[PDB]
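Undergrad: Before I ask anything, let me first share the structure, which is written out below as structure tokens.
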Amino acid sequence: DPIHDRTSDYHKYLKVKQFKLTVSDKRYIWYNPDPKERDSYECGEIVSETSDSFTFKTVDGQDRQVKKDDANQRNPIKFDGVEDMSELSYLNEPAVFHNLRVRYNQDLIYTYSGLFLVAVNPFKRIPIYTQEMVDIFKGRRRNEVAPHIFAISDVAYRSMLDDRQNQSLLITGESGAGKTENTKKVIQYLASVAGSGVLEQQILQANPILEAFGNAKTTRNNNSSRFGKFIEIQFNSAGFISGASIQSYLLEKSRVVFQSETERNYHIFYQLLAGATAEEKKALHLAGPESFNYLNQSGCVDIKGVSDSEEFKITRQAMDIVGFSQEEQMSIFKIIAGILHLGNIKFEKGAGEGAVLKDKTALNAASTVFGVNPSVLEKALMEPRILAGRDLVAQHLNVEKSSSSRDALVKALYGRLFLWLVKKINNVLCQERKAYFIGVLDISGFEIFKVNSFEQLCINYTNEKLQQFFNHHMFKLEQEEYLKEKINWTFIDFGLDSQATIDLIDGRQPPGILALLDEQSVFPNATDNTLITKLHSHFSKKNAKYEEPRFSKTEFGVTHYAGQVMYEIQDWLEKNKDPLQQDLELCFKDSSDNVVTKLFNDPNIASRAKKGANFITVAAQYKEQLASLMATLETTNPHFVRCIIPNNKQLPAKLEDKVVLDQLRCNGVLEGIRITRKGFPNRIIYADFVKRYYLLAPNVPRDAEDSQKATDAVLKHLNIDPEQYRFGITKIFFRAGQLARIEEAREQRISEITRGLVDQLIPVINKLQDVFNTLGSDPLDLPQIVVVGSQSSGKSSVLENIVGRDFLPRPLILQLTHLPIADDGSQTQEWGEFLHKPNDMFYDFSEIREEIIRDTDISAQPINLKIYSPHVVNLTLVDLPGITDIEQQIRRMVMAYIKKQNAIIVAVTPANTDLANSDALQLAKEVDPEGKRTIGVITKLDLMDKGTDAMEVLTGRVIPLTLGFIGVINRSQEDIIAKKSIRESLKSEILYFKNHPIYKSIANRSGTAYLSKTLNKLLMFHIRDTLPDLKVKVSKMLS
Ligand SMILES: Nc1nc2c(ncn2[C@@H]2O[C@H](COP(=O)(O)OP(=O)(O)O)[C@@H](O)[C@H]2O)c(=O)[nH]1
Ligand SMILES: Nc1ncnc2c1ncn2[C@@H]1O[C@H](COP(=O)(O)OP(=O)(O)O)[C@@H](O)[C@H]1O
Ligand SMILES: OC[C@H]1O[C@@H](O)[C@H](O)[C@@H](O)[C@@H]1O
Ligand SMILES: [Mg+2]
Ligand SMILES: [Mg+2]
């Protein structure tokens, strides 16, 4: 499997490369060293914080202060390059840009952002689109695979199948940002997983055809789409591709007759001149691009890295696959050549005012390939006839009017031809009956240029609808989540904010811009000036979205979602009417070419108003085409892809802060994860919340059975304001920022209990023991000393001797802390504390012996007792109940502790029960064969016999142990009677060993004092020894 294999291309091209921050308490923030250059950020370290402000170190070294509201906190470096950014604590501009930057530098162009897929144009070839790549994403969910256009394509496909619902992928972005390359990938993927195959190939081959006739080199993209498109991939009930349909929008017809410097005309013109055979060149009267006015004005006839000749062969091959006949292909080329020839017709002034045509070469070449009469064409261009009552009189046009008519004819022919290709492709691919479909929208985003005309208003009007569509979708998703989880919160319809701009544009009852343009377009003697005047007269100061400029008399402003746009009214009347002289329509209707004739005969192509209609303007036509696209999208489950251009130079590895940040602000990516930040943006299943924050609260198992109760426990302990959250049916919900704060607590907490893992080793292990080993088990396998012994052996006694004061009558965790002589030279009073009794202090050891008998209502849950005394050494012990009914469980409980390799065993056994067939010592020999972590404690050395001695074990020769043996004698039952305090017993024990016929030689290595010192030492070094290993565990448990 490629997904797991590190040495796989999948990990090499789609996966990010590969305890540090664990102990660290450092927190950084993004800031711009220059308050003017808001796009340039630097990372600063935080060193101070009030109740609503931050203080941090600047790269220069100076300290700065910023309020926690305007603060752009930085996410932990561990989260750099996260597949999905929606899972980040902070989503400010710099944090978002940083995550993309990190990924982009590793050639990872795809990243998620909520219901958004972000794709940053690499402007370079990246091997992640091969068949093998496609096979890897098949079936996978958007979680088990890295971000990729294939991933959302599969999710859409699976969704269509599983929900029996149509889907749509809206791929938008600035010119050259990558919309078309991604659109093709989606089609590529679909044809592969649901598709080799005649139909499949035809669907794929329709693209080169449309790009040839609809794409061109612009200053921003060598392969710019000069039309928008919606592609429907149709499937049958079984999920197999059954067809496809294509709709085209806003083809830039003016490009055919005029291109700005360095740009080109549509690819097909250069493809035809370079790739036509010698026979085709002759028949079509071709020549080099420089010989044609429509291709020799911009200064550019070729594109670097592009072979127009090779592209022509590909285009021709595609037409064969799709099914265009040979004759049809020739007719198409004749139309392209004919247009070129029309562009070469040079009108000049005649004897009078009317234009004349001196040279007929171009006119005749055109007439020949078009299959129309030259004499008729010439008269239709310079002497078109107009209706004058019950008669028909000719109108001799001057040069300017003649030239414009020729151009209008060129644009109509190209536009019609283009619609014809699309129709022919649809006839071959579309299937009137399909069970479901996945639609892909590849169209330009908002266009805000220096000069914006009628075309820009159309594309911007389209983007107001698309943006409104996305906002409403987000609203519905949010509302559906809140309802499902029964969270009482209601938002104001997000899509409502853009209704005013839309109405200002396409509003009917209250006359909108388009309605006024249409009214004015049919007005008797209307002009662009009367048009702009009507607009100002209707919206100036009357509509908040409209603006009459201070000086310009030919422009008006519209506040669009992406900002204000100024539109020039010039030629709008003419663009909305798109006139063509009737005599030119007649001339071509009499063409001898089958295709030319259809361009003028087919109503669905030749006229905007089909059979029966009265009259329709271009604006009204597009309003309807757009309304129909929206209605189709509204029957689908939408998926969104946001393409970003890295810079404005079409260069690889060159991500520019300003250019990228600008897109993220009007693209919707930033605004998106900002519109929901008013309710409860963050929501976590109770189990997952507990599994992560159980640490911030005591008595909360990482896997509590009642996840909801545990969650409440944590929230209360942290003193979280109940208004900042809500308890859903399966998840806890949080207001914006609340989850981030809790996460910060988790980070700080973790740092305060692991920093000590760098003497004071015992207190550190103690903290970890209180945080984890409290529930009952030993997760981290902490370095500890476990005391075990048989019934009536002397455990309680010795423990009491170590404590130096009686306090004993489930596992017992005794954490002793030595209290140093007070600074006053005085001796602090000894007291005890329990973990289950947070604020209680037991200065009276009497109620401690009782409190133990209290809480003991056998269990595996340990009782955490801490004792601070100036009479004890620093030491922690785990006292386990003495050893076939319930003891059967005890043996397992014991074995559970002494099994751990990080545990030291203190075997307690009396000296009046020999060694032959002992108990504890043998029980330890099971889990510790070599006896390298077991220390024996011999008691009752005074209750042996007449001459019975035990120096044979104390010297380590009977039952040898690495840690050896230590002898001790505690109070007898009769000693417990009356006074006889532990201290007095101790004073007695010393004399016993000091003045003993045999033990006197090892006196110094005997006694409670010696035992305490030794246990402290063993524990101190054992922790030191386990320190390395334990740090590996801790780090893994917190991740
Ligand atoms: N004379 C004497 N009695 C002892 C000694 N150690 C324990 N005992 C007595 O043995 C009994 C049980 O001891 P204890 O420490 O409660 O044993 P445990 O069952 O392991 O808790 C008590 O009556 C103690 O006074 C010792 O060294 N000498
Ligand atoms: N993912 C990609 N891999 C390689 N080149 C790409 C990629 N996306 C975009 N490009 C490059 O960017 C150019 C412009 O992309 P394009 O999809 O045509 O932009 P848009 O359609 O948004 O105007 C491409 O023709 C190509 O050189
Ligand atoms: O004018 C009535 C309606 O016509 C539709 O075509 C537009 O898409 C709507 O936005 C508009 O409200
Ligand atoms: Mg494109
Ligand atoms: Mg005991």
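Just so we're on the same page: first chain in the structure tokens is A, next is B, and so on; residues restart at 1 for each chain, and ligands are numbered from 1 in the order they show up.
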Taking only C-alpha atoms and all ligand atoms into account, list the residues no farther than 9 Å from ligand 5, as an NGL selection string.
TA: :A and (788-797 or 799 or 808-809 or 879-882)
Undergrad: Name the residues in contact with residue A:696 at a cut-off of 9 Å, using only C-alpha atoms, excluding same-chain residues fewer than 6 positions from it; report them as a PyMOL selection string.
TA: chain A and resi 714+717-718+742+745-746+749
Undergrad: Sorted by chain and rising residue number, list the residues of chain A at most 12 Å from ligand 1 (counting only C-alpha atoms and all ligand atoms), each with its closest atom pair and distance in Å to one decimal, as JSON lines.
TA:
{"residue": "A:787", "atom": "CA", "partner": "ligand 1", "partner_atom_place_in_ligand_line": "20 (O)", "distance": 10.0}
{"residue": "A:788", "atom": "CA", "partner": "ligand 1", "partner_atom_place_in_ligand_line": "20 (O)", "distance": 8.4}
{"residue": "A:789", "atom": "CA", "partner": "ligand 1", "partner_atom_place_in_ligand_line": "20 (O)", "distance": 5.9}
{"residue": "A:790", "atom": "CA", "partner": "ligand 1", "partner_atom_place_in_ligand_line": "20 (O)", "distance": 6.1}
{"residue": "A:791", "atom": "CA", "partner": "ligand 1", "partner_atom_place_in_ligand_line": "19 (O)", "distance": 4.5}
{"residue": "A:792", "atom": "CA", "partner": "ligand 1", "partner_atom_place_in_ligand_line": "19 (O)", "distance": 3.1}
{"residue": "A:793", "atom": "CA", "partner": "ligand 1", "partner_atom_place_in_ligand_line": "20 (O)", "distance": 4.0}
{"residue": "A:794", "atom": "CA", "partner": "ligand 1", "partner_atom_place_in_ligand_line": "15 (O)", "distance": 3.2}
{"residue": "A:795", "atom": "CA", "partner": "ligand 1", "partner_atom_place_in_ligand_line": "20 (O)", "distance": 3.9}
{"residue": "A:796", "atom": "CA", "partner": "ligand 1", "partner_atom_place_in_ligand_line": "15 (O)", "distance": 3.9}
{"residue": "A:797", "atom": "CA", "partner": "ligand 1", "partner_atom_place_in_ligand_line": "15 (O)", "distance": 3.7}
{"residue": "A:798", "atom": "CA", "partner": "ligand 1", "partner_atom_place_in_ligand_line": "15 (O)", "distance": 6.5}
{"residue": "A:799", "atom": "CA", "partner": "ligand 1", "partner_atom_place_in_ligand_line": "15 (O)", "distance": 8.0}
{"residue": "A:800", "atom": "CA", "partner": "ligand 1", "partner_atom_place_in_ligand_line": "15 (O)", "distance": 8.3}
{"residue": "A:801", "atom": "CA", "partner": "ligand 1", "partner_atom_place_in_ligand_line": "15 (O)", "distance": 9.8}
{"residue": "A:806", "atom": "CA", "partner": "ligand 1", "partner_atom_place_in_ligand_line": "15 (O)", "distance": 10.6}
{"residue": "A:807", "atom": "CA", "partner": "ligand 1", "partner_atom_place_in_ligand_line": "16 (O)", "distance": 11.5}
{"residue": "A:808", "atom": "CA", "partner": "ligand 1", "partner_atom_place_in_ligand_line": "16 (O)", "distance": 8.5}
{"residue": "A:809", "atom": "CA", "partner": "ligand 1", "partner_atom_place_in_ligand_line": "16 (O)", "distance": 8.0}
{"residue": "A:879", "atom": "CA", "partner": "ligand 1", "partner_atom_place_in_ligand_line": "21 (O)", "distance": 9.9}
{"residue": "A:880", "atom": "CA", "partner": "ligand 1", "partner_atom_place_in_ligand_line": "20 (O)", "distance": 9.8}
{"residue": "A:881", "atom": "CA", "partner": "ligand 1", "partner_atom_place_in_ligand_line": "21 (O)", "distance": 8.2}
{"residue": "A:882", "atom": "CA", "partner": "ligand 1", "partner_atom_place_in_ligand_line": "20 (O)", "distance": 6.2}
{"residue": "A:883", "atom": "CA", "partner": "ligand 1", "partner_atom_place_in_ligand_line": "20 (O)", "distance": 9.2}
{"residue": "A:907", "atom": "CA", "partner": "ligand 1", "partner_atom_place_in_ligand_line": "20 (O)", "distance": 10.7}
{"residue": "A:908", "atom": "CA", "partner": "ligand 1", "partner_atom_place_in_ligand_line": "20 (O)", "distance": 7.7}
{"residue": "A:909", "atom": "CA", "partner": "ligand 1", "partner_atom_place_in_ligand_line": "20 (O)", "distance": 8.4}
{"residue": "A:910", "atom": "CA", "partner": "ligand 1", "partner_atom_place_in_ligand_line": "6 (N)", "distance": 7.3}
{"residue": "A:911", "atom": "CA", "partner": "ligand 1", "partner_atom_place_in_ligand_line": "27 (O)", "distance": 8.4}
{"residue": "A:912", "atom": "CA", "partner": "ligand 1", "partner_atom_place_in_ligand_line": "27 (O)", "distance": 9.6}
{"residue": "A:920", "atom": "CA", "partner": "ligand 1", "partner_atom_place_in_ligand_line": "20 (O)", "distance": 10.9}
{"residue": "A:937", "atom": "CA", "partner": "ligand 1", "partner_atom_place_in_ligand_line": "27 (O)", "distance": 10.6}
{"residue": "A:938", "atom": "CA", "partner": "ligand 1", "partner_atom_place_in_ligand_line": "27 (O)", "distance": 8.3}
{"residue": "A:939", "atom": "CA", "partner": "ligand 1", "partner_atom_place_in_ligand_line": "27 (O)", "distance": 4.5}
{"residue": "A:940", "atom": "CA", "partner": "ligand 1", "partner_atom_place_in_ligand_line": "27 (O)", "distance": 3.4}
{"residue": "A:941", "atom": "CA", "partner": "ligand 1", "partner_atom_place_in_ligand_line": "27 (O)", "distance": 6.3}
{"residue": "A:942", "atom": "CA", "partner": "ligand 1", "partner_atom_place_in_ligand_line": "28 (N)", "distance": 6.2}
{"residue": "A:943", "atom": "CA", "partner": "ligand 1", "partner_atom_place_in_ligand_line": "1 (N)", "distance": 6.0}
{"residue": "A:944", "atom": "CA", "partner": "ligand 1", "partner_atom_place_in_ligand_line": "28 (N)", "distance": 9.6}
{"residue": "A:967", "atom": "CA", "partner": "ligand 1", "partner_atom_place_in_ligand_line": "27 (O)", "distance": 9.1}
{"residue": "A:968", "atom": "CA", "partner": "ligand 1", "partner_atom_place_in_ligand_line": "27 (O)", "distance": 6.4}
{"residue": "A:969", "atom": "CA", "partner": "ligand 1", "partner_atom_place_in_ligand_line": "27 (O)", "distance": 3.5}
{"residue": "A:970", "atom": "CA", "partner": "ligand 1", "partner_atom_place_in_ligand_line": "27 (O)", "distance": 4.0}
{"residue": "A:971", "atom": "CA", "partner": "ligand 1", "partner_atom_place_in_ligand_line": "25 (O)", "distance": 5.0}
{"residue": "A:972", "atom": "CA", "partner": "ligand 1", "partner_atom_place_in_ligand_line": "3 (N)", "distance": 3.4}
{"residue": "A:973", "atom": "CA", "partner": "ligand 1", "partner_atom_place_in_ligand_line": "25 (O)", "distance": 3.8}
{"residue": "A:974", "atom": "CA", "partner": "ligand 1", "partner_atom_place_in_ligand_line": "25 (O)", "distance": 7.2}
{"residue": "A:975", "atom": "CA", "partner": "ligand 1", "partner_atom_place_in_ligand_line": "25 (O)", "distance": 7.0}
{"residue": "A:976", "atom": "CA", "partner": "ligand 1", "partner_atom_place_in_ligand_line": "25 (O)", "distance": 6.4}
{"residue": "A:977", "atom": "CA", "partner": "ligand 1", "partner_atom_place_in_ligand_line": "25 (O)", "distance": 9.4}
{"residue": "A:980", "atom": "CA", "partner": "ligand 1", "partner_atom_place_in_ligand_line": "25 (O)", "distance": 11.3}
{"residue": "A:981", "atom": "CA", "partner": "ligand 1", "partner_atom_place_in_ligand_line": "25 (O)", "distance": 12.0}
{"residue": "A:982", "atom": "CA", "partner": "ligand 1", "partner_atom_place_in_ligand_line": "25 (O)", "distance": 11.1}
{"residue": "A:985", "atom": "CA", "partner": "ligand 1", "partner_atom_place_in_ligand_line": "28 (N)", "distance": 10.1}
{"residue": "A:986", "atom": "CA", "partner": "ligand 1", "partner_atom_place_in_ligand_line": "27 (O)", "distance": 11.1}
{"residue": "A:988", "atom": "CA", "partner": "ligand 1", "partner_atom_place_in_ligand_line": "28 (N)", "distance": 11.5}
{"residue": "A:989", "atom": "CA", "partner": "ligand 1", "partner_atom_place_in_ligand_line": "27 (O)", "distance": 9.2}
{"residue": "A:992", "atom": "CA", "partner": "ligand 1", "partner_atom_place_in_ligand_line": "27 (O)", "distance": 11.1}
{"residue": "A:1007", "atom": "CA", "partner": "ligand 1", "partner_atom_place_in_ligand_line": "27 (O)", "distance": 10.8}
{"residue": "A:1008", "atom": "CA", "partner": "ligand 1", "partner_atom_place_in_ligand_line": "27 (O)", "distance": 11.2}
Undergrad: Within 8 Å of ligand 2, counting only C-alpha atoms and all ligand atoms: which residues, as a PyMOL selection string?
TA: chain A and resi 109+119-126+172-183+221-225+442-444+643+650
Undergrad: I need the residue nearest ligand 4 from this list: A:1016, A:207, A:92, A:501. Use only C-alpha atoms and all ligand atoms for the distance.
TA: A:207
Undergrad: Write as a VMD selection string the residues around ligand 3, taking 9 Å as the cut-off and counting only C-alpha atoms and all ligand atoms.
TA: chain A and resid 465 499 502 to 503 505 to 509 512 620 622 to 628 630 to 631
Undergrad: Take the residues that were just selected and, keeping N, CA and C atoms, output them as a PDB file, in the first residue's frame.
TA:
ATOM      1  N   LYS A 465     -23.753  35.996  -7.272  1.00  0.00           N
ATOM      2  CA  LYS A 465     -24.636  34.843  -7.125  1.00  0.00           C
ATOM      3  C   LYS A 465     -23.875  33.641  -6.570  1.00  0.00           C
ATOM      4  N   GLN A 499     -27.832  40.323  -1.331  1.00  0.00           N
ATOM      5  CA  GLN A 499     -29.076  40.497  -2.070  1.00  0.00           C
ATOM      6  C   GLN A 499     -29.282  41.919  -2.587  1.00  0.00           C
ATOM      7  N   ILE A 502     -27.139  42.315  -5.825  1.00  0.00           N
ATOM      8  CA  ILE A 502     -27.797  41.536  -6.868  1.00  0.00           C
ATOM      9  C   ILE A 502     -29.028  42.302  -7.388  1.00  0.00           C
ATOM     10  N   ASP A 503     -29.908  42.720  -6.479  1.00  0.00           N
ATOM     11  CA  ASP A 503     -31.101  43.473  -6.866  1.00  0.00           C
ATOM     12  C   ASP A 503     -30.740  44.757  -7.608  1.00  0.00           C
ATOM     13  N   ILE A 505     -28.465  45.154  -9.487  1.00  0.00           N
ATOM     14  CA  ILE A 505     -28.107  44.717 -10.836  1.00  0.00           C
ATOM     15  C   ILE A 505     -29.258  44.110 -11.641  1.00  0.00           C
ATOM     16  N   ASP A 506     -29.832  42.999 -11.168  1.00  0.00           N
ATOM     17  CA  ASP A 506     -30.895  42.322 -11.910  1.00  0.00           C
ATOM     18  C   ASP A 506     -32.309  42.560 -11.398  1.00  0.00           C
ATOM     19  N   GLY A 507     -32.467  43.554 -10.533  1.00  0.00           N
ATOM     20  CA  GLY A 507     -33.780  43.851  -9.991  1.00  0.00           C
ATOM     21  C   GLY A 507     -34.783  44.210 -11.066  1.00  0.00           C
ATOM     22  N   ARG A 508     -35.990  43.662 -10.948  1.00  0.00           N
ATOM     23  CA  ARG A 508     -37.061  43.920 -11.900  1.00  0.00           C
ATOM     24  C   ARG A 508     -38.019  45.015 -11.429  1.00  0.00           C
ATOM     25  N   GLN A 509     -38.896  44.712 -10.471  1.00  0.00           N
ATOM     26  CA  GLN A 509     -39.858  45.717 -10.013  1.00  0.00           C
ATOM     27  C   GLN A 509     -39.090  47.008  -9.811  1.00  0.00           C
ATOM     28  N   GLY A 512     -33.615  47.743 -12.048  1.00  0.00           N
ATOM     29  CA  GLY A 512     -32.202  47.544 -11.768  1.00  0.00           C
ATOM     30  C   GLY A 512     -31.366  48.011 -12.945  1.00  0.00           C
ATOM     31  N   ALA A 620     -30.456  40.394 -20.849  1.00  0.00           N
ATOM     32  CA  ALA A 620     -31.616  39.586 -20.454  1.00  0.00           C
ATOM     33  C   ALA A 620     -31.352  38.108 -20.699  1.00  0.00           C
ATOM     34  N   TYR A 622     -28.352  36.617 -20.696  1.00  0.00           N
ATOM     35  CA  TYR A 622     -27.381  36.105 -19.731  1.00  0.00           C
ATOM     36  C   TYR A 622     -28.024  35.968 -18.358  1.00  0.00           C
ATOM     37  N   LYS A 623     -28.923  36.889 -18.037  1.00  0.00           N
ATOM     38  CA  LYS A 623     -29.626  36.825 -16.755  1.00  0.00           C
ATOM     39  C   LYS A 623     -30.357  35.477 -16.676  1.00  0.00           C
ATOM     40  N   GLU A 624     -30.974  35.080 -17.784  1.00  0.00           N
ATOM     41  CA  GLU A 624     -31.694  33.815 -17.842  1.00  0.00           C
ATOM     42  C   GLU A 624     -30.726  32.626 -17.819  1.00  0.00           C
ATOM     43  N   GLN A 625     -29.611  32.717 -18.554  1.00  0.00           N
ATOM     44  CA  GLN A 625     -28.636  31.616 -18.567  1.00  0.00           C
ATOM     45  C   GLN A 625     -28.059  31.393 -17.186  1.00  0.00           C
ATOM     46  N   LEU A 626     -27.835  32.497 -16.478  1.00  0.00           N
ATOM     47  CA  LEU A 626     -27.285  32.439 -15.130  1.00  0.00           C
ATOM     48  C   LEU A 626     -28.327  31.873 -14.169  1.00  0.00           C
ATOM     49  N   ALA A 627     -29.575  32.331 -14.285  1.00  0.00           N
ATOM     50  CA  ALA A 627     -30.644  31.832 -13.403  1.00  0.00           C
ATOM     51  C   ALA A 627     -30.788  30.320 -13.571  1.00  0.00           C
ATOM     52  N   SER A 628     -30.627  29.855 -14.799  1.00  0.00           N
ATOM     53  CA  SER A 628     -30.732  28.429 -15.038  1.00  0.00           C
ATOM     54  C   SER A 628     -29.510  27.676 -14.436  1.00  0.00           C
ATOM     55  N   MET A 630     -27.806  28.589 -11.682  1.00  0.00           N
ATOM     56  CA  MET A 630     -28.042  28.584 -10.248  1.00  0.00           C
ATOM     57  C   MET A 630     -29.092  27.549  -9.846  1.00  0.00           C
ATOM     58  N   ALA A 631     -30.179  27.450 -10.614  1.00  0.00           N
ATOM     59  CA  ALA A 631     -31.225  26.489 -10.295  1.00  0.00           C
ATOM     60  C   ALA A 631     -30.658  25.051 -10.381  1.00  0.00           C
TER      61      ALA A 631
END
Undergrad: Mind giving me the straight-line distance from atom CA of residue A:209 to atom CA of residue A:190 in Å, one decimal?
TA: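 About the pair atom CA of residue A:209 and atom CA of residue A:190: they are 19.6 Å apart.
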Undergrad: Please determine, counting only C-alpha atoms and all ligand atoms, which residue among A:928, A:885, A:87, A:211 has the shortest atom-to-atom distance to ligand 4.
TA: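 The answer is A:211, which sits nearest to ligand 4.
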Undergrad: At a cut-off of 9 Å, using only C-alpha atoms, what residues contact residue A:1034? Leave out same-chain residues fewer than 3 positions from it and give the result as a list in words.
TA: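 Contacts, in chain order: residues 19, 754, 780, 1029, 1030, 1031, 1037 and 1038 of chain A.
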Undergrad: Store the residues of this selection in a file with N, CA and C atoms, as a compact mmCIF listing (two decimals), in the first residue's frame.
TA:
# COMPACT_ATOMS: atom_id res chain seq x y z
N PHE A 19 8.83 16.10 22.15
CA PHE A 19 9.28 16.33 23.52
C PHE A 19 9.96 17.69 23.61
N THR A 754 6.31 18.04 33.12
CA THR A 754 7.34 17.31 32.39
C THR A 754 8.68 18.05 32.42
N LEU A 780 2.31 5.09 32.74
CA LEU A 780 3.69 5.41 32.39
C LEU A 780 4.72 4.48 33.00
N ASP A 1029 14.10 6.59 29.53
CA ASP A 1029 12.98 5.78 29.06
C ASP A 1029 11.64 6.47 29.35
N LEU A 1030 11.44 6.86 30.61
CA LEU A 1030 10.21 7.50 31.03
C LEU A 1030 9.86 8.72 30.17
N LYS A 1031 10.86 9.44 29.68
CA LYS A 1031 10.61 10.63 28.86
C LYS A 1031 10.07 10.26 27.49
N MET A 1037 2.44 9.34 25.33
CA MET A 1037 1.13 9.34 25.95
C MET A 1037 0.39 10.64 25.73
N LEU A 1038 1.13 11.73 25.54
CA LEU A 1038 0.51 13.04 25.34
C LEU A 1038 0.36 13.38 23.86
Undergrad: Out of stretch 457-534 of chain A, which residues get alpha helix (DSSP H) from DSSP, as a PyMOL selection string?
TA: chain A and resi 457-484+499-506+513-521+528-534
Undergrad: Using DSSP on the backbone coordinates, identify the residues of stretch 783-924 of chain A assigned to strand (DSSP E or B); present them as a PyMOL selection string.
TA: chain A and resi 784-789+812-818+831-834+842+863-869+875-879+903-910
Undergrad: If we count only C-alpha atoms and set the cut-off at 10 Å, which residues sit around residue A:170, ignoring sequence neighbours fewer than 6 positions away in its own chain? Please answer as a list in words.
TA: residues 179, 183, 230, 439, 440, 441, 442, 443, 466, 470, 633, 638, 639, 640, 641 and 642 of chain A
Undergrad: If we count only C-alpha atoms and set the cut-off at 10 Å, which residues sit around stretch 564-566 of chain A, ignoring sequence neighbours fewer than 5 positions away in its own chain? Please answer as a ChimeraX atom specification.
TA: /A:446-453,456-457,460,545-549,554-559
Undergrad: Within 6 Å of residue A:46, counting only C-alpha atoms, which residues qualify if same-chain residues fewer than 6 places away don't, as a list in words?
TA: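 Listed by chain and then number, they are residues 27, 28, 55 and 56 of chain A.
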Undergrad: So which residues touch stretch 414-427 of chain A within 8 Å, counting only C-alpha atoms, skipping near sequence neighbours fewer than 5 positions away, as a PyMOL selection string?
TA: chain A and resi 206+210+213-214+244-248+251+253+256+322+324+332+336+339+599+605-606
Undergrad: Given the choices A:275, A:94, A:147, A:445, which gets closest to ligand 4 if the distance is worked out from only C-alpha atoms and all ligand atoms?
TA: A:445
Undergrad: With distances taken over only C-alpha atoms, which of A:38, A:74, A:64, A:103 is nearest to residue A:655?
TA: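 Nearest candidate to residue A:655 out of A:38, A:74, A:64, A:103: A:103.
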Undergrad: Could you check which of A:65, A:537, A:215, A:955 is closest to ligand 4, using only C-alpha atoms and all ligand atoms?
TA: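 Among the listed residues, A:215 lies closest to ligand 4.
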